[PDB]
> 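Handing you this structure, nothing more for now.
The chains referred to below are lettered A, B, ... by the order of the sequence lines, with proteins before strands, and numbering in each begins at 1. Order of listing sets the numbers, starting from 1, for every ligand and every atom in it.
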Amino acid sequence: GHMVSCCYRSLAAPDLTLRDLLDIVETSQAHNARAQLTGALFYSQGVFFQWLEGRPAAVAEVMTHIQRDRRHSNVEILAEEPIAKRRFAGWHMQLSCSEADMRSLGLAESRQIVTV
Amino acid sequence: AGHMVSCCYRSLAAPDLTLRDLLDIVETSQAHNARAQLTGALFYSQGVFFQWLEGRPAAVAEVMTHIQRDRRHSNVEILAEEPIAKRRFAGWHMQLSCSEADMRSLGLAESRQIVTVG
Ligand SMILES: Cc1cc2nc3c(=O)[nH]c(=O)nc-3n(C[C@H](O)[C@H](O)[C@H](O)COP(=O)(O)O)c2cc1C
Ligand SMILES: Cc1cc2nc3c(=O)[nH]c(=O)nc-3n(C[C@H](O)[C@H](O)[C@H](O)COP(=O)(O)O)c2cc1C
Ligand SMILES: CCCCCCCCCCCC[N+](C)(C)CC(=O)[O-]
């Protein structure tokens with residue numbers, strides 16, 4: 001019971017950008033593997049959802065950076081608790097993209113037909 | 001009183017999960033969760049179930065007893081149980097992310113047809 005898990009949800013900045021998501025992914029993947037932080041970040045449809053677990057001080061501090069990040073707002077901690085055993089293997093990223101986010105990147109589906 | 005709890009778990013979907021199984025889970029859950037006033041959501045993606053459930057402590061603990069011994073998934077890991085003042089979900093629903101490999105496991109395929117229109 002010498003570790004914590006932390007779980008929060010937040011709302012993306014409405015002007016969040018691909019670059020932003022790309023910065024968050026890259027930063028996230030590298031610091032967490034180094035701080036021994038295990039868990040998962042999900043982004044779908046303007047909402048973030050994240051689990052983190054590890055040393056209490058390493059979680060307490062990554063959450064400190066996260067709670068002041070202007071890339072999201074309304075950071076709502078859903079579960080904080082002493083764990084004795086990590087319940088996630090390393091760090092997992094899962095970003096899903098709807099048609100809305102697609103039209104909202106200038107992107108569209110297109111079928112290619114080539115004469116062969 | 002009318003205090004409420006929230007429980008969240010992840011699990012591994014049975015390798016041999018079938019469309020019938022998903023039909024059963026959805027029909028059963030919808031019917032019982034409405035009767036027992038359990039709100040939340042079940043997610044399926046790339047072999048994993050994740051469920052969020054809310055309601056009265058006895059109603060959540062009861063459904064979790066059943067969920068935990070259900071042979072349609074294994075490795076049920078409770079991730080959070082927390083007191084809540086209010087529900088974050090209005091009702092209940094299942095959300096499924098369906099891959100090419102999901103399709104083929106269920107013995108299904110899409111086929112496209114071309115159709116004249118105005
Ligand atoms: C939704 C969201 C999730 C994030 N998740 C992580 C993460 O798990 N690990 C991490 O090191 N930084 C994460 N960050 C980025 C940090 O808030 C922050 O940019 C990073 O710790 C570097 O801080 P610094 O700019 O003061 O050096 C996340 C940011 C957002 C908006
Ligand atoms: C991943 C998964 C999620 C489930 N979620 C619920 C649920 O939210 N509510 C529910 O009543 N049963 C749920 N069940 C079904 C129960 O485990 C159990 O089969 C049911 O309560 C008893 O069904 P019966 O009355 O038809 O015998 C779930 C099962 C699985 C495999
Ligand atoms: C019982 C209700 C059956 C509904 C079938 C819907 C599942 C379709 C999945 C198709 C997967 C194709 N992928 C994901 C690759 C996208 C595409 O090619 O358009």
Side-chain angles (χ1 to χ4, degrees), chain A residues 6 8-13 16 20-21 23-35 37-43 46-54 58-59 61-75 91-93 95 109 111, chain B residues 7 9-14 17 19-36 38-44 48-55 59-60 62-76 89 91-94 96-104 106 108-112:
Chain A
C6 192
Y8 77 86
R9 77 172 166 199
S10 68
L11 310 172
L16 186 91
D20 291 324
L21 262 185
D23 301 322
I24 299 163
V25 173
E26 310 279 71
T27 295
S28 205
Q29 75 172 222
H31 172 268
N32 293 357
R34 159 161 41 98
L37 296 170
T38 66
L41 174 55
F42 296 91
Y43 168 83
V47 173
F48 290 110
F49 176 69
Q50 177 161 205
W51 245 278
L52 271 172
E53 44 172 41
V59 176
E61 161 204 31
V62 55
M63 285 311 291
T64 269
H65 292 78
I66 286 171
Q67 281 190 153
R68 60 155 186 261
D69 204 305
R70 304 170 182 278
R71 292 169 295 193
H72 61 170
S73 58
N74 294 263
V75 174
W91 211 71
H92 183 263
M93 162 90 284
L95 311 159
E109 216 74 321
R111 195 78 54 76
Chain B
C7 178
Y9 75 84
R10 50 126 68 123
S11 72
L12 291 188
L17 203 70
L19 197 40
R20 184 178 310 270
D21 296 323
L22 291 156
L23 180 65
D24 303 325
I25 290 161
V26 171
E27 290 179 12
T28 304
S29 296
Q30 287 176 334
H32 178 266
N33 297 3
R35 172 186 28 160
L38 291 172
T39 55
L42 173 60
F43 304 79
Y44 169 93
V48 171
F49 293 116
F50 169 83
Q51 187 167 194
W52 214 278
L53 270 168
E54 311 173 305
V60 173
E62 203 245 18
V63 76
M64 289 302 303
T65 298
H66 287 101
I67 297 177
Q68 275 173 107
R69 64 195 195 203
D70 200 311
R71 313 184 179 264
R72 291 163 302 189
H73 61 178
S74 59
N75 294 285
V76 186
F89 306 77
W92 187 85
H93 75 279
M94 189 171 188
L96 307 89
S97 301
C98 310
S99 79
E100 166 212 79
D102 279 314
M103 278 299 87
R104 269 271 139 85
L106 296 181
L108 296 178
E110 294 202 310
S111 96
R112 77 76 208 275

> What protein heavy atom sits nearest atom 10 (C) of ligand 2, and how far away is it?
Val63(B) CG2, 3.4 Å
> Looking at atom 8 (C) of ligand 3, tell me if a protein heavy atom falls under 4.0 Å from it.
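Given the 4.0 Å cut-off, atom 8 (C) of ligand 3 counts as touching protein heavy atoms.
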> Starting from atom 20 (C) of ligand 1, what is the nearest protein heavy atom, named by residue and atom, and what distance separates them?
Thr27(A) CG2, 3.6 Å
> Taking the side chain from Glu54(B) and the backbone from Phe89(B), do they hold a donor-acceptor pair closer than 3.5 Å?
yes
> Can you sort out which atoms of ligand 2 are near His73(B), meaning under 4.0 Å from one of its heavy atoms?
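Those qualifying, in numeric order: 1 (C).
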> Which heavy atom of the protein is the closest neighbour of atom 19 (O) of ligand 3, given with residue, atom name and distance?
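Heavy-atom neighbour on the protein nearest atom 19 (O) of ligand 3: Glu110(B) OE1, 4.3 Å.
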> Starting from atom 9 (N) of ligand 2, what is the nearest protein heavy atom, named by residue and atom, and what distance separates them?
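For this ligand atom, the closest protein heavy atom is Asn33(B) OD1, 2.7 Å.
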> If you measure every N/O of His32(B) against every N/O of ligand 2, is any gap under 3.5 Å?
yes
> Check each heavy atom of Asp23(A) against ligand 1 and say whether those closer than 4.0 Å belong to the side chain, the backbone, both or neither.
neither
> Please report which non-hydrogen protein atom sits nearest to atom 5 (N) of ligand 2, along with the residue it belongs to and the distance in Å to one decimal place.
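In this structure, atom 5 (N) of ligand 2 has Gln51(B) NE2, 3.0 Å as its nearest protein heavy atom.
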> As a check for students: among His66(B), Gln68(B), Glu62(B), identify the option with a heavy atom nearest to atom 21 (O) of ligand 2.
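Residue with the shortest heavy-atom distance to the ligand atom: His66(B).
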> Who's the nearest protein heavy-atom neighbour of atom 7 (C) of ligand 1, and how far?
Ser28(A) OG, 2.8 Å
> Out of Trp52(B), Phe50(B), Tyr9(B), whose heavy atom sits nearest atom 1 (C) of ligand 2?
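Nearest option to atom 1 (C) of ligand 2, by heavy atoms: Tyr9(B).
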> Using a 4.0 Å heavy-atom cut-off, which part of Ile66(A) comes near ligand 1: side chain, backbone, both, or neither?
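Both the backbone and the side chain of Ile66(A) come within reach of ligand 1.
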> Measuring to protein heavy atoms, does anything land under 4.0 Å from atom 23 (O) of ligand 1?
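Yes; the ligand atom in question has protein heavy-atom contact below 4.0 Å.
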> Evaluate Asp70(B) for polar contact with ligand 2, using N/O atom pairs at a separation under 3.5 Å.
yes
> Among protein heavy atoms, which lies nearest atom 30 (C) of ligand 1, and at what distance?
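Its nearest protein heavy-atom neighbour is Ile24(A) CG2, 3.9 Å.
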> Verify the contact flag for atom 17 (O) of ligand 1, where contact means a protein heavy atom under 4.0 Å away.
yes
> May I ask you to identify the nearest protein heavy atom to atom 1 (C) of ligand 3, giving residue, atom name and distance to one decimal place in Å?
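Checked against all protein heavy atoms, atom 1 (C) of ligand 3 sits closest to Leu19(B) CD1, 4.1 Å.
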> Please report whether ligand 1 has a polar contact with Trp91(A), defined as an N or O pair separated by less than 3.5 Å (distance criterion only).
no
> For atom 14 (C) of ligand 3, what's the nearest protein heavy atom and its distance?
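In this structure, atom 14 (C) of ligand 3 has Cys98(B) O, 3.9 Å as its nearest protein heavy atom.
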> Below 3.5 angstrom, do we get any N/O pair linking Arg72(B) and ligand 2?
yes
